[PDB]
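Visitor: Residue numbers (the authors' numbering), protein chains in the order written: chain A, 4589 to 4613, 4620 to 4624, 4635 to 4673, 4677 to 4729; chain B, 2086 to 2169, 2176 to 2277; chain C, 1749 to 1941; chain D, 2423 to 2452, 2488 to 2518; chain E, 4250 to 4394.
The beta carbon of each residue, even a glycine, is placed where N, CA and C say it ideally should be.
Next up is a structure, given as structure tokens.
Written out as structure tokens, the structure is:
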């Protein structure tokens, strides 16, 4: 799927919730849907964890988003990343937890302002 | 937005999105609902959906005012609906937990479905189960009126159709809740 | 539709001018509420909490406006003696608090069932209001029981909220009640609501 | 639509066209020539009103 | 600029650790404000971080920092109600006009990074990459240099 490309991401995602509830029943990152075409701004994907980078935003081949309940414990150490609807950052779609490169202090990641964009011009 | 001559005399406070969950939880407590807490976590979700998963009509509203309005009715409805070791509680306890869910639905069905349209009446049904599994909407126990309504109907040479009589009742109920009711229709 | 007989009648017969007796009701309005608030504190402070038999009587004795303040003023002081002043093992304060979190919690249920019974609207809103209030108290108190290391009756995790403190030892009758929240302090206008 | 058709028909052999016959029949019941006519007419056409009848086929088209 | 408003006849007053905290506010206030020209990276939107806010904070700092050290020519860092000062400068002055939760998250990081007991450590780090640490001083003129 191409979330950001749709005409109403807010709707699609809020729908994949109950469809996932009709089955094995909060969102999680990686029974679940798959989104492709996103863009991580501020960091980069490496060893399955948010890592620093000199380049602005990088693409995201794809990723899975499950609606579990559990794995939500070591978040106090992990980083929180917002999933807006585009660079504008004027519309948040959903928050998401992702592990980061614990090399750089957590406070640095905060002031690092890391977010994910769905739609990206070119 | 404050005039360019007041953004330094005042102190701005952001109040974007409120706290429905809380508002609802306590809202029910004042009515007598012992489940409230648990309940609220479902009544709110239903609303958030009905606004983006039910044919977007012009007479459709699921704002905060709506959520409060309905919860308030559930109180009077419950005030008139007599409730029903180890594995003794778990089973007996659940039963009560349901009684409250029913009273809640009876309110939704009282001042939430009359607003619904054609293509939306079926969708709301599905949505209600995903939220309130242990129950489903009930009929209109108002024999008192239904009796006098069926009399006037035949008197005015009116076809006492089923679906028809239903609406006349839809008013009696919604009126004793929202002193300001408006009947939209072609 | 609520009524609250004054503590000092204002005979307009004597001959008070238009604003003459008017300025009086305002003075008495605040006077009445001023005294009533104190008497309510005295009454409640002399009644059982578990015994909801008398509690249900205490509420129907004072105006909803005051009925709530008392519960607020009572809630305030209790949370302090439960926090001490930087001295009181984690268990000490946590134990002192656990009680208040439960005591008020028990009351909520007593009223939760009393509201589900027969009673007028005017008399109902009072209970519906109290409910809402006690819910705030227990909830706030719980937030405290989540702080492993607390200081005392001055910790910000407590000063953040709006506490109410009374002082019958005060010369004035109005200024007896002093509202606090963060570092700000105001005075209850005693404006009949 | 079928409901409305009956309202018209019923009101025909019930409510008198002439206002006099309505007042004279209202004080007498607690069949002037007029009201009697209406009935005979309502019957002749009745058949055309029922589901699928003329009226429907014509009203729809 | 932030200092043209902060007079020495108010920054050098006891305790001696007050001079520090002021400077800290100027730095924190200089950062959050400077980032507005880097939206949406610096901030989600453009919050009105006017000087009036700064002035208010100074008053608050002069409250807590002067309430737990009234008279003493000094005061211990860990004895300052930062959880109080940071909250006041957070959700009731600077962050008060913040709508995006993630914006406050950023904002507060700056607060909990400057307004804390560890922010007194000699040569406290400001901009390491270049080699910028808090100036060891206790008076207006001291910090100005």
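Which chain A residues are close to residue 2106/B, counting only those with a beta carbon under 7 Å from its beta carbon?
Guide: None at all; the shortest Cβ gap to chain A is about 14 Å.
Visitor: At a CB distance below 7 Å, what residues from the segment 4709-4728 of chain A approach chain E? Give them in sequence order.
Guide: Per Cβ criterion, the list reads 4714, 4717, 4718 and 4720.
Visitor: Hey, quick one: how far does the beta strand (DSSP E) through residue 2199/B stretch, first residue to last?
Guide: Element bounds for residue 2199/B: not the beta strand (DSSP E) but the alpha helix (DSSP H), 2178-2202.
Visitor: Does the contact criterion of 3 or more C-beta pairs under 8 Å hold for the segment 2116-2135 of chain B versus the segment 2212-2229 of chain B?
Guide: Yes, the segment 2116-2135 of chain B is in contact with the segment 2212-2229 of chain B.
Visitor: Can you pull the chain E residues whose beta carbon is under 9 Å from the beta carbon of residue 1930/C, in chain order?
Guide: By Cβ distance, chain E contributes 4333, 4336, 4337 and 4341.
Visitor: Which whole-angstrom value is the C-beta distance of residue 4661/A and residue 4643/A, which I expect to be below 8 Å?
Guide: 5 Å between Cβ atoms; contact.
Visitor: Would the segment 1844-1855 of chain C count as touching the segment 1873-1890 of chain C if we require 3 or more Cβ pairs under 8 Å?
Guide: The segment 1844-1855 of chain C, when compared against the segment 1873-1890 of chain C, does touch it at the 8 Å Cβ threshold.
Visitor: Helix, strand or coil for residue 4299/E, going by three-state DSSP, please let me know.
Guide: Three-state DSSP puts residue 4299/E in coil, outside helix and strand.
Visitor: In chain order, what residues of the same chain have a beta carbon less than 6 Å from the beta carbon of residue 4715/A, not counting five sequence neighbours either side?
Guide: If we look at residue 4715/A and ignore the five residues flanking it on each side, it has no Cβ neighbours.
Visitor: Under 8 Å by Cβ, that's how I've got residue 4303/E and residue 4295/E pegged, so tell me the actual separation to the nearest angstrom.
Guide: Between residue 4295/E and residue 4303/E the Cβ distance is about 17 Å, and since that is not below 8 Å, they are no contact.
Visitor: Measuring CB to CB, does residue 4591/A end up less than 8 Å from residue 4639/A?
Guide: Cβ distance < 8 Å, so residue 4591/A and residue 4639/A count as in contact.
Visitor: Just the Cα atoms here: how many angstroms apart are residue 4352/E and residue 4691/A?
Guide: C-alpha separation (whole angstroms): 13 Å.
Visitor: Using DSSP with H/G/I as helix, E/B as strand and the rest coil, what is residue 4653/A?
Guide: Strand.
Visitor: Quick one: residues in its chain with C-beta nearer than 8 Å to the C-beta of residue 4652/A, no 5 flanking neighbours on either side, listed in chain order?
Guide: For residue 4652/A, where only same-chain residues beyond five positions count, the Cβ hits under 8 Å are 4706.
Visitor: Under the DSSP definition of a beta bridge, which residues are partnered with residue 1934/C?
Guide: DSSP output for residue 1934/C lists 1927/C as bridge partner(s).
Visitor: Where does residue 2130/B fall in DSSP's three states?
Guide: Residue state, collapsed to three classes: helix.
Visitor: How would you call residue 2198/B, buried or exposed, if buried means at least 16 neighbouring beta carbons within 10 angstroms?
Guide: Label assigned to residue 2198/B: buried.
Visitor: Roughly how many angstroms lie between the CA atoms of residue 1865/C and residue 1751/C, to the nearest whole one?
Guide: Computed Cα separation, rounded: 23 Å.
Visitor: Expressed to the nearest angstrom, what Euclidean distance is found between the alpha-carbon atoms of residue 1863/C and residue 2094/B?
Guide: Rounded to whole angstroms, residue 1863/C to residue 2094/B spans 45 Å at the Cα level.
Visitor: On the premise that residue 2107/B lies in contact with residue 2155/B, defined as a C-beta separation below 8 Å, what is that separation, rounded to the nearest angstrom?
Guide: With 8 Å as the limit, residue 2155/B and residue 2107/B do not qualify as a contact, their Cβ atoms being about 16 Å apart.
Visitor: Can a CB atom of chain C be found closer than 8 Å to the CB of residue 4330/E?
Guide: So yes, residue 4330/E belongs to the interface.
Visitor: By the 10 Å Cβ neighbour count, where 16 or more other Cβ atoms means buried, how is residue 1827/C classified, buried or exposed?
Guide: By the neighbour-count rule (16 or more Cβ atoms within 10 Å), residue 1827/C is buried.
Visitor: Determine whether the beta carbon atoms of residue 4218/E and residue 4317/E lie at a separation below 8 Å.
Guide: Outside the displayed span of chain E (4250 to 4394) sits residue 4218/E, for which this structure offers no information.
Visitor: Alpha carbons only, please: which of 1822/C, 1852/C and 1801/C is nearest the one belonging to residue 1913/C?
Guide: Measuring from the Cα of residue 1913/C, the nearest candidate turns out to be 1822/C.
Visitor: How is residue 4317/E classed by DSSP in three states: helix, strand or coil?
Guide: DSSP places residue 4317/E in coil when its eight states are reduced to three.
Visitor: Spell out whether any CB of chain B is found under 8 Å from the CB atom of residue 2428/D.
Guide: Chain B contact via Cβ: present.
Visitor: For residue 4620/A and residue 4667/A, I'd like the C-alpha separation in whole angstroms.
Guide: Between residue 4620/A and residue 4667/A, the C-alpha separation is close to 16 Å.
Visitor: Helix, strand or coil, according to DSSP, for residue 4671/A in the structure here?
Guide: Looking at residue 4671/A - three-state DSSP - the assignment turns out to be coil, as it is neither helix nor strand.
Visitor: Is the beta carbon of residue 2147/B closer than 8 Å to that of residue 2192/B?
Guide: No, the Cβ-Cβ distance between residue 2192/B and residue 2147/B is not below 8 Å.
Visitor: Show which residues of chain C have a CB atom less than 7 Å away from the CB atom of residue 2115/B.
Guide: Under the 7 Å cutoff, chain C gives 1863, 1876, 1879 and 1880.
Visitor: Would you say residue 1860/C lies against chain B (beta-carbon separation less than 8 Å)?
Guide: Chain B contact via Cβ: present.
Visitor: On the CB-based measure, 16 or more other CB atoms within 10 Å of its CB, does residue 2439/D come out buried or exposed?
Guide: It counts as exposed.
Visitor: Given this structure, state the Cα-to-Cα distance separating residue 4262/E from residue 4337/E, to the nearest angstrom.
Guide: Taking the straight line joining both Cα atoms gives about 22 Å.
Visitor: Please identify the residue among 4356/E, 4340/E, 4290/E and 4313/E whose C-alpha is closest to the C-alpha of residue 4327/E.
Guide: Considering only alpha carbons, the answer is 4313/E.
Visitor: Residue 1942/C to residue 4265/E, Cα distance in whole Å?
Guide: Beyond the ends of chain C as shown, which are 1749 and 1941, falls residue 1942/C; an answer cannot be given.
Visitor: Below 8 Å on the Cβ atoms is my guess for residue 2228/B versus residue 2196/B; work out the distance and round it to an integer in Å.
Guide: Indeed, because the Cβ distance is near 6 Å, the residues count as touching under 8 Å.
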